[PDB]
């Protein structure tokens, strides 16, 4: 896979969520300023739906929040009673931003993408994002 290119315009379908995120969390989606020096935190967004996280991958992108493309979690051996769970990581500066991003994204998703779950994640000393 290859990472998202910010310059690419959003499809119309995704514009609703993006606009909502810009209004609700304007500091995390402010097109101005410099990205944070370190991304010590992230929210893992997960869903059993294979395509719902595509929307999140495209919408949850700015200078202050960087999202991986959609991948999938590993299977728990050797259960057959399970399904594939898909996920992405939305990297942010600190836990404070992560809690905020989770809350805001889930609030939107609880109504329209209810299978989406969020998990606050933390790295030490921070995440190895290419510089």
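Residue numbers count along the first chain shown, from 1.
- Once the C-alpha B-factors are averaged per stretch, 84-92 and 23-31 rank with 23-31 first.
- The stretch with the higher mean CA B factor, choosing between 6-14 and 112-120, is 6-14.
- Ranking 74, 50, 69, 78 by Cα temperature factor from the entry places 78 first.
- Sorting the modelled residues of the chain by their CA temperature factor places residue 37 in the highest third.
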